[PDB]
Amino acid sequence: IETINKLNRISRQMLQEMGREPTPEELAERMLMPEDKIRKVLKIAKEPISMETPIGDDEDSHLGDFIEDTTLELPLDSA
Amino acid sequence: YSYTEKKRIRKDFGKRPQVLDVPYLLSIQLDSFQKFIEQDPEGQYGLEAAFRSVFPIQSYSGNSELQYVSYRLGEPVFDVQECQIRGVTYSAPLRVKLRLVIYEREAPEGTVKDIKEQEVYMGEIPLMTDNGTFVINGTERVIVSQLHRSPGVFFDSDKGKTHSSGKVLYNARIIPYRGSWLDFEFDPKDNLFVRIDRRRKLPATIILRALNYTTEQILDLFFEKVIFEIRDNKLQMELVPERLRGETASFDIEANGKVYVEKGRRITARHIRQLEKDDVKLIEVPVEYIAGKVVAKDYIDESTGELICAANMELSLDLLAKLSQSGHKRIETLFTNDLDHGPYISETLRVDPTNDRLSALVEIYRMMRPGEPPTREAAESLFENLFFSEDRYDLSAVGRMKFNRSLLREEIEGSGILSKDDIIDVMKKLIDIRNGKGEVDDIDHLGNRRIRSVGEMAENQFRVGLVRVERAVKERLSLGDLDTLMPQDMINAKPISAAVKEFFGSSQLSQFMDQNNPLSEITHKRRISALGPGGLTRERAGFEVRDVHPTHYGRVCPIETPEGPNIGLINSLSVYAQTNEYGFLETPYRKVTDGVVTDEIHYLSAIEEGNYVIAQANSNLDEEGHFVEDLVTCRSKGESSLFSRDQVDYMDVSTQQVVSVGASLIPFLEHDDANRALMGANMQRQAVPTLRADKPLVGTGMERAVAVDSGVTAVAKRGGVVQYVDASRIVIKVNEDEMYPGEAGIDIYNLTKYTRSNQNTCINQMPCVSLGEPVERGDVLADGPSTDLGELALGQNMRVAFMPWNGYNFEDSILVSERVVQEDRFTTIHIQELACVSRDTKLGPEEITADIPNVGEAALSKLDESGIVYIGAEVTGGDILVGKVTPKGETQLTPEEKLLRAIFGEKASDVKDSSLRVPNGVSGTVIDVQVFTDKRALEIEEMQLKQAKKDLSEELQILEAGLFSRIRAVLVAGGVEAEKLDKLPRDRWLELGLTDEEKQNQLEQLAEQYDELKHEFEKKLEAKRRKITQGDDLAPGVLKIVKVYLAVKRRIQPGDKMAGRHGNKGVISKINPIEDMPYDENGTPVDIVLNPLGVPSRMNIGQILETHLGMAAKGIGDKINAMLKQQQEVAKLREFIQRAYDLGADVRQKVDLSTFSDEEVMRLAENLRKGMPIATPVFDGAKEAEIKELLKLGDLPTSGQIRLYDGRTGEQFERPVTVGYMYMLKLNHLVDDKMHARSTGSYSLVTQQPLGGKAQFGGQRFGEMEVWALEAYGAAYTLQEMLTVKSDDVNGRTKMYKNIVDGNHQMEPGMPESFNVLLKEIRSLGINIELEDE
Amino acid sequence: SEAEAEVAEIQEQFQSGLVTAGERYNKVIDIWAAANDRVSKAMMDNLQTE
Amino acid sequence: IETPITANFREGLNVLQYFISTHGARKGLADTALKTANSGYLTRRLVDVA
Amino acid sequence: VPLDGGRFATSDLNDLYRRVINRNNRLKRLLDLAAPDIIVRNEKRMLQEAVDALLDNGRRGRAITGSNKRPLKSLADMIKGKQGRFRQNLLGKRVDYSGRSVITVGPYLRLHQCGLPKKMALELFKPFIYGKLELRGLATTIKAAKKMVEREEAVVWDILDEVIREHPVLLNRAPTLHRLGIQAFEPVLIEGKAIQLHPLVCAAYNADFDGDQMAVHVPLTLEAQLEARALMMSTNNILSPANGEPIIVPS
Ligand SMILES: [Mg+2]
């Protein structure tokens, strides 16, 4: 979290100085860490996304309906 | 005419000589964002308004300060094109000049201390495309103009409960625009009660305790302020004539020396008249008269400071005398007499004694903050700051307006703020609406208020960013250094750009466009809603908001609105419509003066509309005279009836101004049905572009401006000779005298290509023209998906016959010859899309390569020598396009497979296959690949390099073989090596002719070309060769992305849904061989056969008229055909063609051909042969007489009824049949786009139950209806099969499955999981519930 | 032409400040009804066994 | 209304005759689309007794 | 459970479970410290509330919602109304081996007949044709049968006809008002993508060909096959039981 504080502080100084989007090499340097950390944190900032949301604009498809389950078996494989 | 309409005339049966030409709609956004951006010297708007509003910033002492100087925008770096591709903001930099002037505070305010004038970049701004689109992150995004709001009072009347009074009782309500609500209510005991937004019940009253009043002014609302003057003994007093309005004179209302109203006598209109006319409200009256009266206000003796009489207390004579002795010869009276003032506030005071404001404020707190302790600045700041502070009314200048505009304010704009004056004035206008006439807004009528229009929101989020700035600006100004602290060191480029990004790119009410049709996209642009924020909902709104209002005329098309839940809520805009400034709608209506229908036109609002009388444009004007007949069709009062001629105040402009554009396009609507015309108007927008462009023979006249205004135009360059000619490009060479010596002056133009639609259809443009012909400005230089020479093209023109046929046109179905698809003229295309995300894999990047063991990697074993890459690189369905591989983990090391990879032995890490392939059965066209950034590995990638270097070596050799002409020639200037130049090898010419000063410079310019060019090749080689040589190792998650799109085109077949332009649908059920079509003794068979089963019950007679007027048109087209094959002389072409143009009765529209030369008539006749159209304007349509004269001019039957021959036996049928040509429409509602049938799919999580939706392999859900039909039936087995196995149970389905393959189809019942779930659910509730397990 | 003369009379009646509207208005509708029901007769006579 | 449809489909309509028909069309249509529930309830409550 | 993109997915109950356990453990803390029992009262109200919300959340007061601002489904609703077991998915299921698509007329059908685009014939009847390709043994294994049937042998057609001969199947159009909206005909295999339908039963279906689609269902077992042929059949149903009139009206 302290690292992430440093980054979401330093990124903004960066886009000031830049004035346009810091895709992670126009971000990484001033952060003081290489590209891969900024990128990794850019991935991990996804809190999960709550099945009970209506991905259908209508009350037609809560995400739970779309989910497929690839764990048990397929009967042709048993055969 | 114009060349594009010379080259093809739409004959026009319109007569009604129109004063107006059709309007345009889009003016408000350009002006808004322009003024925001505009260099306003004096009248600031937006930007410079904001700047001069904020800067300069300083200390109050003067210690330091920054200065504003000016602003300038930068060029937006990339184009909107890359901003649509790349997934990028379209935006332009911002640059502001700022100076840091600073003062000596030692000297008083000596300014010469520091001056740092420099310019500051601070973020780009997204800008407006020429549509108004704002491309942000790959994406054009847009406003909706949204229709919403309403106050009022609405209460019933109860007659004379106090029968002595006989009074009407009505409660009363307020709606502030913003803030809290508040009601009266009268009860059965005749008492005025109140609820302050559902506060505790009190003596309070509505706006009055909102406005801090006691009983006197609660009474003063309806009644007024009489003043008693006791003149040295005697009472006198004064009046308003509209106080004593239908009231009883107890005594003699006389005057100075004249008697108005005697005793017991009511002050009739005669009495108020003479009471006004004689200039008297003055009279000598008895003092006792005051007995019964109520004092208006608290009165005292100033000597005392004692209430002689409190406010709202009945006056007398002992208080008369005391008031008068105290210093009141003026007794204002409020009036609680007895009769009509039923003692309501009195009984309330006898029930409740609170009569103070601070209790009003505490109770304000307490309703607002119930259970919370009232504190006075809390209750008061609550009461005020909530809905009168500028903070809350955020600042919105559409607000500012919206309140000006809900004020009846003339100031559109004003300040940047919404002064609470705007609030109370909007509220007072709104309560003046409700007390007056009950028309608050245009709720459902499409006259559009209050509509929040476009552009403005940019400024809202702009200034939000400005505040996001200004806080930190403060924190760093006051704290940090002042002298050494530049503005740009205080200026961050993030929030303003970040806002105008977020909002232009995140919204409701904005979504992808309906691209299938220029009609659909205009009427999508000419579309209105009653939904969204601040709007309605389908479940909350009813029928009143769905049916149409009599204001609709000239404002609302009642014919373009869906049939679903959106039936009346959704409804489209009419043709001649515009927008008033308050949002509202006004309407063209021809002024009628003296009955003479004046050609100037006034834009009447709907509230103006009803009070005036409007005549109809169907009216027979008497030739600049007036309405001819006594009974003009005019209209007012929300109802039509029959009135005189000079009485007209307006007439309608056109026979159109009610209609929308989509409804403008069916000819002969006047012979059509509202539901079927409604169905036609909807499916017209669902018509789909064909490959070719076939026009309508029958028009209404509106085809051209819609094909045009869905597009734009072009321009020219210097005089010259046309260099290169093309569908879309032209190159011109400028003349030598025009060519400046420095430039080459190869004036070149730009061009057009293919593209997909938002709805998976095709985009393109082609010419309707030639090169070396004059182009009148405003012409159409290139056609569209649905346009040709500048008119609409939704469908095709061809034969029709109306018959049953052997059950093939049983119910609404369609039959058709084989020959139409030999032409493919309905056959057409669907561009589809396919993709490859190549992402980061832990085991290593997915690499683009494909290596294969396992002998042949089979059936490749059985092939001929050739092999599925078979001759000429041929490839089947299923083959690979982009071979991507992904590194693979390891797996359990079983002896068999490990023996197999000891046989073949894929080296190590076993980079698993991920090739991008042709999915099964594809007959499309993998038309191109874009990408977004082992043995055959190296073959494919160095061969990709073979490909690419040959591409780009070509690119080189062309682009520099260009330049080698000038290199050579540059020697030949300054002498001539007239035969010394060429034959010796070309390079060794600089050693030829050379002279003094000015040539060696060009020997070296020449050498510089030799340098720069081979240098750039070295550059590009480096880049290109490495980028093909590199493996996939690109970016976070972007290892790379590869792209594909398809184009599926094949012949049409049963299931496709075809139709015309009157609701006349149809499903296909067979294609008919031509010999198996009806034919005639001419042997000429029918294209299609239709069932006339429904036209009486469909009542789409316009389709019939369409048909006849089409048959006659092929009548003229065949004449020109024969004149072509027979190759007529110029004279005859002239004769016949001018005979063709001037054919109609009194055609409004007129051309001569003697204007043109011969070859122009040749171009004219060589461009018309696909067809000339005709306009049947909608309600100014054709007549039976015209089409019949026209048809027999074709030598055809008058009614186009012709004996037809079957060819299954060759005979004649019994009766002749109607024959002629209709104009029909394809749709995106294709059996292609409809067919799927599938099997079980997925299951959910929390209930674990199977799927519905065919695309994802769905089973269909059932209601209780459908299981209970099975109960009625008796399939108890099948019921339990539909209770356990397929959805809830497991042992049932799997026992059943094992058994059916054992042949025994036996039943084992168990229990649905639903049941034990029920138990555990009701058992978490702590109740004993449990299974009775078998 | 007959309906034209009829409504012209209706107009002049309205001009008088007599039949004012409801009598007039109902009168007008009833005569339109009858006029084109006669049209309906004319036409169904002018097809079926002509 | 007391001033009717005079013409027919062959002869030719007026704009407002048409527009008056749109009302009855829409009212009857909303009745159609919004009573499958009414039978829905009556039927299914009756069956659940069964 | 997870999703493809690492995102996770849950039932709302876990929320309330966590709430109750946490409040209880904090109460175990407060009761070890002999804390001022005003907080023990507040924790008791809170424990009872979290219980009662596990029991019934949105009945008491203002409902509990996420950052969504939407309230969260309880246990009770998973038994109750529509989305409970009963009305949605215990009484009324999604079906294995089914199909549906647009319909057109069969003017030359006999009564017992119906179209079948052999594509979906094959899709629904792959187990029979597979068992029969093993019985004959051309496809010696199910790899072989599946690859042979992806490659659409000529025998797959004759054997599809063989299997489909005397093999009834159901037909269903929405809305299924009364019994005769769903019947069982004999297949007629066609390569026409539109279902053909004996025109006289357009009325029982209330069906007319303006873009309609029918749906289809498979009697696998033999009680179901024989019901389809004896009871749902087109030839045992000739009168409304509402009233003894014929249902064979000329269309
Ligand atoms: Mg239908």
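Asks: Mind laying out the overall build of chain B, listing which residues take part and the relevant values?
Replies: Along the backbone of chain B there are 35 helices and 59 strands. For chain B, the C-alpha radius of gyration of 43 Å lies well beyond 34 Å, the compact-globule estimate for 1334 residues. Taken along its principal axes, the extent of the C-alpha atoms in chain B is 135 × 105 × 105 Å. Taken over 1334 residues, chain B has a buried fraction of 42%. Surface accessibility of chain B: about 71,000 Å² in total, with carbon and sulfur atoms responsible for 53%. In chain B, 168 positive and 212 negative side-chain charges are present, and the distance between their average locations comes to 2 Å.

Asks: Hey, could you go over the packing of aromatic side chains for me, with residue numbers and the actual values?
Replies: Residues and elements named next belong to chain B. Under the definition given, this model contains 23 aromatic pairs over all chains. With a centroid separation of 6.3 Å and an interplanar angle of 5 degrees, the aromatic rings of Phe 51 and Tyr 71 are classed as stacked. Of this pair, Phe 51 sits in helix α3 (residues 47-54) while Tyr 71 sits in strand β3 (residues 65-73), placing them 20 residues apart in sequence. In this structure, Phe 51 and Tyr 71 share a single accessibility class: buried. When the ring of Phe 228 is compared with that of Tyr 289, the centres are 5.8 Å apart and the planes differ by 65 degrees; the resulting orientation is edge-to-face. Taken together, the residues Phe 228 in strand β16 (residues 226-231) and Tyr 289 in the loop between β22 (284-285) and β23 (294-295) connect sequence positions 61 residues apart. With relative accessibility at 0%, the residue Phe 228 sits in the buried group. Through a chain of ring-to-ring contacts, three or more aromatic side chains come together here, namely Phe 33, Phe 36, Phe 134, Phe 462 and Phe 504. Over the face of the ring belonging to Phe 512 we find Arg 141, whose NZ or CZ atom lies 5.4 Å from the ring centre.

Asks: Can you explain the sheet that holds strand β4 (residues 92-99) of chain B? Please cite residues and give values.
Replies: Residues and elements named next belong to chain B. Taking strand neighbours across the sheet as the criterion, the four strands line up as β2-β3-β4-β7 in an open arrangement whose pairing is antiparallel. Two strands close off the open sheet at either side, each with one partner strand: β2 (57-58) and β7 (118-125). Both β4 and β7 contribute to a ladder of six bridges, which runs antiparallel. Paired with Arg 95 across the two strands is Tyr 121, which belongs to β7.

Asks: Break down the interface of chain B and chain E for me, with residues and values.
Replies: With 64 residues of chain B at the contact, the number on the chain E side is 56 residues. Between chain B and chain E the total buried area reaches about 5,600 Å² when both faces are included, carbon and sulfur atoms providing 58% of it. Interface area lost by chain B to chain E is led by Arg 1261, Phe 1262 and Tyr 1273 of chain B, which between them contribute 11%. Across the chain B-chain E interface, the total number found is three salt bridges. As a salt-bridge pair, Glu 1321 of chain B and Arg 85 of chain E come within 3.9 Å of each other at their nearest N and O atoms. For the pair chain B and chain E, the interface holds 13 residue pairs in polar contact. Taken together, the elements giving at least two residues each to the side of chain B that touches chain E come down to β55 (1067-1072), α31 (1231-1234), α32 (1264-1273), α33 (1276-1281), α34 (1291-1301) and α35 (1313-1324) of chain B. The element that contributes the greatest number of residues to the side of chain B that touches chain E is α32 of chain B, accounting for seven residues. Considering only residue class, the side of chain B that touches chain E consists of 30 nonpolar, 20 polar and 14 charged.

Asks: Account for unusual backbone geometry, naming residues and giving values.
Replies: All names here are of chain B. Note the cis peptide between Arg 449 and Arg 450, where omega equals -10 degrees. Note on placement: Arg 450 falls in the loop between α13 (420-435) and β27 (451-452). Of note, the phi angle at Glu 624 is positive, near 60 degrees, even though the residue is not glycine. With respect to the secondary-structure elements, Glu 624 resides in the loop between β32 (614-615) and β33 (632-636). Judged by its relative accessible area of 66%, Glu 624 is exposed. The phi dihedral of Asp 812 falls on the positive side, at around 70 degrees, and the residue is not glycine. Of note, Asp 812 is situated in the loop between β43 (795-802) and β44 (813-817).

Cut-offs used in this document
- For every chain, the first residue of the written sequence is numbered 1 and the count continues from 1 onward along that sequence, whatever numbering the entry uses; residues with no coordinates are hidden.
- Think of it this way: whatever chain is written first is A, whatever ligand is written first is 1, and the rest follow in order.
- Keep in mind that this is only part of a larger assembly, and the values describe that part, not the whole.
- Excluded from the side-chain calculation are hydrogens and water; included are all heavy atoms of the structure.
- The way it works is that DSSP assigns letters per residue, a run of H or I at least four long becomes a helix, a run of E at least two long becomes a strand, and they are numbered from the N terminus.
- Within these notes, the globule rule equals 2.2 Å times the number of residues to the 0.38 power, and the radius of gyration is based on C-alpha atoms.
- Burial classification: accessible surface area is computed with a 1.4 Å probe over protein chains only, and a residue below 20% of its type maximum counts as buried, one above 50% as exposed, and the rest as partly exposed.
- All accessible-area figures derive from a Shrake-Rupley calculation using a 1.4 Å probe, and residue coverage is judged against the displayed protein chains alone.
- Within this scheme the basic residues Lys and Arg register as positive and the acidic residues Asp and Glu register as negative, but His and the chain ends are omitted.
- By convention, the point assigned to a charge is CZ for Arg, NZ for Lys, CD for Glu and CG for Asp.
- Classification of ring pairs rests on two measures: the distance between centres of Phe, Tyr or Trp rings, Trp counted by its six-membered ring, which must be within 6.5 Å, and the angle between planes, read as stacked under 30 degrees, edge-to-face over 60 and tilted in between.
- Charge-over-ring contacts are defined here by two conditions on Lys NZ or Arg CZ: a distance within 6 Å of the ring centre and an angle within 35 degrees of the ring normal.
- Being paired, for any two strands, means DSSP has found at least two bridges between them.
- We call two residues in contact whenever any of their non-hydrogen atoms come within 4.5 Å of each other.
- Once two parts are joined, some of their accessible surface, as seen by a 1.4 Å probe, is lost; buried area is that loss totalled over both.
- Between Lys or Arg on one side and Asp or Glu on the other, a salt bridge is scored when a side-chain nitrogen of the former is within 4 Å of a carboxyl oxygen of the latter.
- Between N or O atoms, a polar contact is any pair within 3.5 Å; within protein, one atom must be a potential hydrogen donor and the other a potential acceptor, and residues adjacent in sequence are included only when both atoms are from side chains.
- Residues are grouped as follows: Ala, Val, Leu, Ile, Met, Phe, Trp, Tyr, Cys and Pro are nonpolar; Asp, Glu, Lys and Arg are charged; all remaining types, including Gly, are polar.

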